[PDB]
Amino acid sequence: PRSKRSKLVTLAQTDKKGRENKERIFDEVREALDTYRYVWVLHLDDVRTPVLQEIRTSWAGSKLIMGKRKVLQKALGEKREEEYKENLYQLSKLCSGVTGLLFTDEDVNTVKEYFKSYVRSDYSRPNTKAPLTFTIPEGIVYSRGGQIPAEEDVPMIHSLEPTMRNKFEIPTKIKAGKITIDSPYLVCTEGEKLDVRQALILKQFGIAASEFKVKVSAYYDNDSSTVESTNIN
Amino acid sequence: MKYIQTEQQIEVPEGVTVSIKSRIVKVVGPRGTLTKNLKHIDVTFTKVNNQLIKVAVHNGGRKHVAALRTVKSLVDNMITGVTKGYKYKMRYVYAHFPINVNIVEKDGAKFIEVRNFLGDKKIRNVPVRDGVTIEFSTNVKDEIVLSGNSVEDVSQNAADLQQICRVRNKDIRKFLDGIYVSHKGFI
Amino acid sequence: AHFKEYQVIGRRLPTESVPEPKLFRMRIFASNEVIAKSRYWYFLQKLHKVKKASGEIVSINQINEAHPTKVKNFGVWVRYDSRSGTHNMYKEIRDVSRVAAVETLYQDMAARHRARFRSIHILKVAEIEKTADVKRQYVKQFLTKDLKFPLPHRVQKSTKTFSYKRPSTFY
Amino acid sequence: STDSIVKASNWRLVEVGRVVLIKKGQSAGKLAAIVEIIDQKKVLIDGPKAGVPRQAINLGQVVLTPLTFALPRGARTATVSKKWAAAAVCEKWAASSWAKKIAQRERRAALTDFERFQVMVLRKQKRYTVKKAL
Amino acid sequence: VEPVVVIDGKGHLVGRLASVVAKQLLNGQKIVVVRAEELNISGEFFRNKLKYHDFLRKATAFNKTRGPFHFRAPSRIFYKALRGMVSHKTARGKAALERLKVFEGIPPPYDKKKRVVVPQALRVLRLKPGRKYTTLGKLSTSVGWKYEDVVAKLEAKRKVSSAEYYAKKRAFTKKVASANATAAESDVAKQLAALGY
Amino acid sequence: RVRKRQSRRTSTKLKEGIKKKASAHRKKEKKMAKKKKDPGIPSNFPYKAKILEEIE
RNA sequence: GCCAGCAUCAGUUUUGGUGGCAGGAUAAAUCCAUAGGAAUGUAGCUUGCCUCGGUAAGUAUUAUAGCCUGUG
RNA sequence: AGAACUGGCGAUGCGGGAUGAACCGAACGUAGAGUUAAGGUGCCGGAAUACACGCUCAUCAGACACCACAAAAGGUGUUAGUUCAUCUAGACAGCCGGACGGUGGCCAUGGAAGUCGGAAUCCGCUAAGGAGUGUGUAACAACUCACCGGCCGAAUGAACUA
RNA sequence: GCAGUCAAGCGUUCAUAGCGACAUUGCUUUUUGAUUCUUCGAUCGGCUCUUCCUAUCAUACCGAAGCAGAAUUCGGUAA
RNA sequence: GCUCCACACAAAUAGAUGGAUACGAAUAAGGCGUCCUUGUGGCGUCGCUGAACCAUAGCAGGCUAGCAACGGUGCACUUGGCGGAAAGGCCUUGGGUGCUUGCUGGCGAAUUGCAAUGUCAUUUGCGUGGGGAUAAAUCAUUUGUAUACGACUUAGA
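Residues numbered from 1 in each chain as written, not as in the entry; some residues may be left out. Chains lettered and ligands numbered in written order. Part of a larger assembly, values for the part shown. Heavy atoms only, no water.

Q: Looking at this structure, how should I read the overall build of chain A?
A: Along its length, chain A carries seven helices and eleven strands. For chain A, whose C-alpha radius of gyration is 24 Å, the value lies well above the compact-globule estimate of 17 Å for 233 residues. Along the first, second and third principal axes, the C-alpha set of chain A runs to 70 × 60 × 30 Å. Residues classed as buried in chain A amount to 35% of the 233 residues present. Considering only residue pairs separated by 6 or more positions, chain A has 73% of its internal contacts joining residues 24 or more positions apart. For chain A, the accessible area works out to roughly 14,300 Å², and carbon and sulfur atoms hold 51% of it. (Helix = DSSP H or I, 4+ residues; strand = E, 2+ residues; numbered from the N terminus. Rg over C-alpha atoms; globule rule 2.2 N^0.38 Å. Buried < 20%, exposed > 50% of the residue type's maximum accessible area, 1.4 Å probe, protein only. Contact = heavy atoms within 4.5 Å. Areas by Shrake-Rupley, 256 points an atom, 1.4 Å probe, with all protein chains shown as cover.)

Q: Help me understand the pattern of salt bridges, please; the structure alone is not making it clear to me.
A: Should their charged atoms come close, side chains of opposite charge can pair. Inspection of every chain in the model, using the stated rule, returns 36 salt bridges over all chains. Between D160 of chain B and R129 of chain B there is a salt bridge, with its nearest N and O atoms 3.6 Å apart. Of this pair, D160 of chain B sits in helix α2 (residues 151-164) while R129 of chain B sits in the loop between β10 (124-127) and β11 (132-136); the two residues are 31 residues apart in sequence, bridging distant segments of the chain. Take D160 of chain B: its relative accessible area is 25%, and that puts it in the partly exposed class. With its nearest N and O atoms 2.8 Å apart, the salt bridge here joins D8 of chain E to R35 of chain E. Of this pair, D8 of chain E sits in strand β1 (residues 4-8) while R35 of chain E sits in the loop between β2 (30-34) and β3 (40-42); the two residues are 27 residues apart in sequence, bridging distant segments of the chain. Accessibility classification places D8 of chain E together with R35 of chain E in one group, the buried group. Each of the salt bridges in this network shares a partner with another, and the network as a whole consists of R24, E28 and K63 of chain A. (Salt bridge = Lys/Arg side-chain N within 4 Å of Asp/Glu carboxyl O.)

Q: I would appreciate a short explanation of the side chain of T104 of chain A in the present structure.
A: Tracing the backbone through its elements, the reader meets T104 of chain A in strand β3 (residues 99-104). If we skip the residues at most four places from it in the chain, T104 of chain A touches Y36, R37, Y38, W40 and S62 of chain A.

Q: Looking at this structure, I do not really get the nonpolar core. What am I missing?
A: A general feature of soluble globular proteins is that nonpolar side chains tend to end up buried together. Residues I7, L17, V21, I31, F78, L82 and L100 of chain E are the most contacted members of the largest nonpolar core, which totals 30 residues. Sorting the residues of this core by element identifies β1, α1 (14-25), β2, α2 (45-56), α3 (74-83), α4 (91-97), β4 (100-102) and α6 (136-142) of chain E as the ones contributing at least two each. Ranked by the residues each element gives to this core, the list is headed by α1 of chain E, at seven residues. If we ignore the near neighbours within four places in the chain, the residues touching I7 of chain E are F162 of chain C together with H12, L17, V21, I31, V32, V33, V34 and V116 of chain E. Core analysis: the second largest hydrophobic core is formed by 23 residues, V12, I41, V43 and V57 of chain B among them. (Core = buried A, V, L, I, M, F, W, Y, C linked by side-chain atoms within 4.5 Å.)

Q: Hey, could you run me through the protein's contact with RNA strand G in this one?
A: Close to RNA strand G lie 23 residues; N61, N64 and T131 of chain C together with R76 and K82 of chain D are nearest. In the interface set of RNA strand G, defined as its atoms within 4 Å of the protein, sugar plus phosphate atoms amount to 75%. Here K145 of chain C contributes a side-chain N or O atom positioned 2.9 Å from a phosphate oxygen of RNA strand G. Taking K83 of chain D, its side chain carries an N or O atom lying 3.0 Å from a phosphate oxygen of RNA strand G. Elements with a contribution of two residues or more to the surface near RNA strand G: β3 (61-63) of chain C together with α1 (77-87) of chain D. Per-element tally for the surface near RNA strand G: the top contributor is α1 of chain D, with five residues. In the surface near RNA strand G, the residues fall into seven nonpolar, nine polar and seven charged. (Near = heavy atom within 4 Å. Polar contact = N/O pair within 3.5 Å; in protein donor to acceptor, adjacent residues only side chain to side chain. Nonpolar A, V, L, I, M, F, W, Y, C, P; charged D, E, K, R; others polar.)

Q: Help me out: how do you make sense of the protein's contact with RNA strand H in this one?
A: In the region of RNA strand H, 97 residues are neighbours, and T14 and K70 of chain A, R136 and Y138 of chain C together with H25 of chain F sit closest. The contact atoms of RNA strand H, taken as those within 4 Å of the protein, divide so that sugar and phosphate hold 66%. In the model, a phosphate oxygen of RNA strand H is placed 3.4 Å from a nitrogen or oxygen of the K17 of chain A side chain. Partitioned by chemical class, the residues of the surface near RNA strand H number 31 nonpolar, 22 polar and 44 charged.

Q: Looking at this model, I keep getting lost on the sheet that holds strand β5 (residues 44-47) of chain B. Mind explaining?
A: By way of backbone hydrogen bonds, the strands of a sheet pair with one another, either parallel or antiparallel. Residues and elements named next belong to chain B. One open sheet holds the three strands; their spatial order is β1-β6-β5, and the pairing between them is antiparallel. The sheet terminates laterally at β1 (6-11) and β5, the two strands that pair on one side only. Across the sheet, the mean angle from the axis of one strand to that of its neighbour is 25°, orientation sign disregarded. Summarising the sheet, β1 and strand β6 (residues 52-57) pair through six bridges and their orientation is antiparallel. Across the sheet, residue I10 finds its bridge partner in β6, namely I53. Running at roughly 5° to β1, helix α1 (residues 62-83) makes contact with β1, β5 and β6 of the sheet. (Pairing = 2+ DSSP bridges. Axes fitted to C-alpha atoms, helices over the stretch in contact; angles between N-to-C directions.)

Q: Whenever I open this one, the arrangement of the chains confuses me. Can you help?
A: Taking contact number as the criterion, the leading pair out of nine pairs of chains in contact is chains C and D. Separated in space, chain A and chain C share no contact, their closest pair of C-alpha atoms being 16 Å apart. The closest approach of any C-alpha atom in chain A to one in chain E is 20 Å; the two make no contact.

Q: How should I be thinking about the interface of chain D and chain C in this particular structure?
A: Reports often express the size of an interface as the amount of accessible area lost when the parts come together. In this complex, chain D contributes 18 residues to the contact, which on the side of chain C involves 15 residues. Together, the buried faces of chain D and chain C total about 1,800 Å²; carbon and sulfur atoms form 64% of this surface. Linking chain D with chain C are two salt bridges, by the criterion used here. Listed by contribution, the elements that provide at least two residues to the side of chain D that touches chain C are β2 (31-37), β3 (42-47), β4 (52-58) and β5 (62-68) of chain D. (Buried area = accessible area lost by both parts, 1.4 Å probe.)

Q: Got a minute to help me understand the packing of helix α1 (residues 19-35) of chain A against helix α3 (residues 69-76) of chain A in this structure?
A: All names here are of chain A. Packing of α1 against α3 brings their axes to within 9 Å, and their N-to-C directions diverge by 40°. Viewed along their axes, α1 and α3 adopt a mutual orientation that is oblique. In the packing of α1 onto α3, the handedness of the crossing is right-handed. Here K22, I25, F26, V29, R30 and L33 of α1 lie close against α3, whose contacting residues are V71, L72, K74, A75 and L76. Here the residues of the contact of α1 with α3 are counted per class, giving eight nonpolar, no polar and three charged. (Parallel < 35°, antiparallel > 145°, perpendicular 65-115°, else oblique. Left-handed = near helix turned anticlockwise from the far one by under 90°.)

Q: What is the right way to read the packing of aromatic side chains from this model?
A: Any aromatic ring pair is given by two values, namely how distant the centres are and how the planes are angled relative to each other. According to the stated counting rule, one finds 19 aromatic pairs over all chains in the structure shown. For the pair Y86 of chain B and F186 of chain B, a centre-to-centre distance of 6.3 Å together with 40° between the ring planes defines the contact as tilted. Of this pair, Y86 of chain B sits in strand β7 (residues 86-93) while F186 of chain B sits in the segment after β13 (178-185), placing them 100 residues apart in sequence. With relative accessibility at 9%, the residue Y86 of chain B sits in the buried group. A network of ring pairs unites the aromatic residues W59, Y114, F115 and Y118 of chain A as a single cluster. The residue whose ring lies beneath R154 of chain C is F170 of chain C, and the NZ or CZ to ring-centre distance is 5.2 Å. The ring of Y171 of chain C has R12 of chain D sitting right over it, with the charged end atom 5.9 Å from the ring centre. (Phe/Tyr/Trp six-rings, centres within 6.5 Å; stacked < 30°, edge-to-face > 60°. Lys NZ or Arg CZ within 6 Å of the ring centre and 35° of its normal.)

Q: Explain a negative patch on the surface here, please?
A: All names here are of chain A. A cluster of like negative charges, contributed by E20, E23, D27, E31 and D34, occupies part of the molecular surface. One can find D27 in helix α1. On the basis of relative accessibility, which here comes to 45%, the residue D27 falls in the partly exposed class. (Patch = residues over 30% accessible without salt bridge, like charges linked within 9 Å, V, L, I, M, F, W, Y side chains within 5 Å. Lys, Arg positive; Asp, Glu negative; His and termini not counted. Charge placed at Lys NZ, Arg CZ, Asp CG, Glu CD.)

Q: I would appreciate a short explanation of the packing of α1 of chain E against α3 of chain E in the present structure.
A: Residues and elements named next belong to chain E. Relative to each other, α1 and α3 sit at 60°, their axes nearing to 9 Å. Relative to α3, α1 is oriented oblique. As for how α1 packs across α3, the hand of that crossing is right-handed. In contact with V14, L17, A18, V21 and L25 of α1, α3 contributes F78, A81 and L82. Class assignment of the residues belonging to the contact of α1 with α3 gives a composition of eight nonpolar, no polar and no charged.

Q: I'm lost on α1 of chain B in this one. Help?
A: Structural remark: α-helix, 3.6 residues per turn; residues separated by three or four positions point the same way. All names here are of chain B. An ideal rise of 1.5 Å per residue puts 32 Å on 22 residues; α1 measures up with 32 Å between its terminal C-alpha atoms. Listed in full, the buried residues belonging to α1 are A67, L68, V71, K72, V75, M78, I79, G81 and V82. The positive-phi residue at the C-terminal boundary of α1 is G85, with phi of around 105°. (Expected span 1.5 Å × (residues − 1).)

Q: Can you walk me through the domain arrangement of chain B in this structure?
A: Residues and elements named next belong to chain B. Considered domain by domain, chain B is made up of domain 1 (1-85) and domain 2 (86-187). Put simply, the middle of domain 1 and the middle of domain 2, counted by C-alpha atoms, are 32 Å apart. The partner domain 2 presents nine residues to the nine residues of domain 1 that form the contact. Considering only the side of domain 1, the residues that lose the most area to domain 2 are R31, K84 and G85, jointly responsible for 52% of the buried surface there. We note a salt bridge from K36 to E152, for which the minimum N-O separation is 3.7 Å. The interface formed by domain 1 and domain 2 holds two residue pairs in polar contact in total. Elements represented by at least two residues in the side of domain 1 that touches domain 2 include exactly β4 (33-37) and α1. (Domains from an automatic or database assignment.)

Given below as structure tokens:
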């Protein structure tokens, strides 16, 4: 019973959900299929909850169901035999990653134009090159780190120097409470496939200079019971 | 429970050549060669096809299985060191007394010489190990880089450096002078 | 010793009022008929109100395995009134006969638990017909396709005291 | 010559079809084929040709040979005999060094004193010619 | 089956070798042990060094000159292990121990002679693999034996001489075996084959 | 410098006294002495669904 | 007169070889025949990885290997 | 500690327990042969370094125990079991991302915004997200877990017993 | 120590008897370091000289402490 | 009084009765042979105990006649080299000297009486005449670098 790793227990309020949540999502999607006319698939791989809430508040009449890929695959039907309605696994197979499956009764073209005109700012999200380039100045670094006049900003907090020095691999010293470096550290170049620590550096300095525009792949109509594929971003 | 047979796989890239009689292991690649004795271990080796070498243990327990996994890890480290290499960057810091770090060749032995640590006249000498190369990093204040293929020798020399300059009978909350490992990685 | 399986039947003695009573049967693992009959009465006293003087044994018989060369995977229920109220155990043994399974079971219990013949109770030994009903991993180890394994340390029994060879343990 | 040269370290493996020599028991120097594996220490063997009964046996009682032949798992005695004959393992065993050593030693044991005298005379005759050759 | 038996101590276990040797001397066989510095004990070095220290702290208090005499050499360690088996306080035990000779290394005349082993005392056969063991030269040099550097220097010469001897003998054997193979196929050899030679 | 070691020799007085200690404690426990739930059909038994059928 | 060897016997004892019998499920088995069944799936077949013919998953109940159960 | 039987030593040698008045066996004429008891068969020491299955590594293991003493437990040493749970609608471990909104919730204070303290501890939108598990800040910030999701692709976790 | 509270477990084939680890309350006299300190019936101590134990006072090496240095406190190996 | 040999008799005894027959290293690895790129190589082969290998026929081993081969072995000389851990042994050259069961022949054995272990493997001591060469210590005496007495330390033809 021994020579194991002890699980670090902590005492919080929230608790795991289990199979009841998944069955609830299953029943919800299956009862909304009968209700609404059109159903769409939206690939939302890395999002902010306020952006998702904006997308949801854009229509209180239409539904948006997130959840687990394999659960929505089962609700729709992955096999041509196992399916709720006809030609539905043809849609269910399109789901790739984080899929937000939307239901509506609204016209095709309103949705199509909305989800290509909708664009927001977001972080650069590693494994994705960034359209920016940053040499930090070679003096004292500020909370924005080379984005505005330093006379606006204040120096960052001394508590971040272990983080910058170890996790971000920046060469860092501090003279009094201020953080300092000797030479201008370049972090990234445009058209350079980003890595985790570059992304974290840009996040720490507060750089949302990437275009979040949701991708839509397919679309299915209940009365026609047909699929239709439109890669629109 | 006396597992009837347990196995681990070792991947060999194209430039690397691995030679294994009884439990001696020779690994040759671009950056050089490496040798290691594993006769203490009592496992079995075998080859599949020029890129995959398997190590096996028959009728053994928990400690034997652990020895299998760490053998795999050691051979993988050898391959990584002969292909890419190991590079450890250390930085030496001071508040008042500038620590002077130099190299000396004494009887052809390559000692590292540290002077004036916290204001002492003692001269701290650290022998450099074979397969380790010291250079003083340019355009970076008070940094020294140890490069080689033996991660063991490189890390142990860095440890010797950061241990020889330990502070004695002083609050380390106040006295920050020392030599510390800044970065580990490849070449 | 090397056990045997014995069928035993008991009659508890007739009376007026009750001719031909109900003939309870049991299967026993034991070295010989004496021990088998003692165990029979030992279990029958627990189950029902009988006594060696109040009852009699009808037919002691032996049971030989139907296929004592076919290899089999036995599952055994065991229990032993220790230390708490009685608690059960399920074990799996790969062997040819119920006798061998019971023998190696008694030895394994004596080794791994210091639990003794007096302490042990055999509930049910049962062959498992289908694979994938085998639950324990040490028996699952030996059912794999085209199983092979070596014996890497050979040490040779030597009849003499001295040897002129610097011996070798190979295979 | 820049390929890996890892050793093999061949071994006589415990497998169905592996034929074995019984070094202690009632058989005492007979052959049999492993037909099934009971555990790390026990196997099921069957030799109908030399006449050993099908049984479970510990591995300490036998010694594996380098010979093997095709045999399904859990075969019966008749199938064992048929595969035995088709593979012709007895002839390979007779040709092997090992069996020749055994046969030689039992011949030496069965030798009579007169035959011993003959062997000594013949060894002298051979020694003369060999020392001449040297 | 011999007048005298030379035993190479390499790869052996001290107590088991002591037992078999003692029971041989008490039966009347003359035995000569060599290479005691390569002898082995079960258990890790630390344990047996601790044991020898436990033995070494024992001494008569009012006069140390008359107490247990702690001999440091491997030959003497083996002799102690052996003498503790034999009833050495009897004439029989004395005569038994006088049939024994223990040497560090292989000196003359035994270097030019055959050595044997005892398979029921060898480490590789008796011990299970994955078990720490101890060697006696290391132990004795730890507890104060000041001669391990000479015995190695001398064995390194003995081994070279023996290798020359073996290289000569091996070519002679090739010649002999080839001549015998050529003599074979003769009717004399066929008769000998029939009769088992 | 290793220290002493306790001895394992038993010195007869001790084993007599222990026998008497136990012979007294047994009487005391016998004097204080003056003041089931069957565990079921355990899992991992593959053919457990058949014992539920001999009831009726 | 003293010490011994051998043969045939008797009493006590120890240790080998060999034969005839009676029982048990009138041993069980192995073995022979026959009816079914299945997998740690044999042949064959289908689709592929595809390093020259080795391969993974699908089929198929003895086929160009066999096994299990019952009955006799 | 008191009484009631019983057995033995006292008066009693023999074999064993390394040795021993009261433990095991067994009671005695002088000898021989055979078989045993109790106890034992690596050497001392007469007799298997016998056979078989497991377990155990102790920086002074153990080599008759006795919930007889130290005593009630402790231990990331090991083995075998019992119970309850999670899992191809993907479990455990790792990385990555989310971790929101009313709201900087109310008292308090020089200041305290989830995290010096006191007391509420609600609803909303959710896949899930505590009026917040810890680090941190003068306060914010940032990081973190609790909880959810993506990649990975089959077993895993907890409590107990021996 | 006495008398109690609680409850992890144990628990006549007890749910509402009993036992009960770890914690914890009261009594001992007081709240503002004023306590004048204040003894109350036992049926050994001192030379020479040797060694041993560690349960270490100092010396040696380390760990943790609001440990600035200096000094000190607690602890580990060590006779 | 001591000393080499041309040896009458005594001696073999914790226990002869064919031979103590020489690689190292590893053991989840090795030995032998062979080939070549000289390697942690390729190929073949062996183990599974010395139950081996070598010797081994003759009166406790005789006296003789041959055949074939120039091999084997013993005895004493002789050449040269190696070996210092306790070497004290190992190998080698040559010529003599015998024997040879490699093969074929001829004589003798007997009565040790039906077994009795049935005895077989240095010298000091006296014949031996080899037969020549010519040291020390202790006591006593003395010294005092020493000392209870012994001892120690020195000196003395």
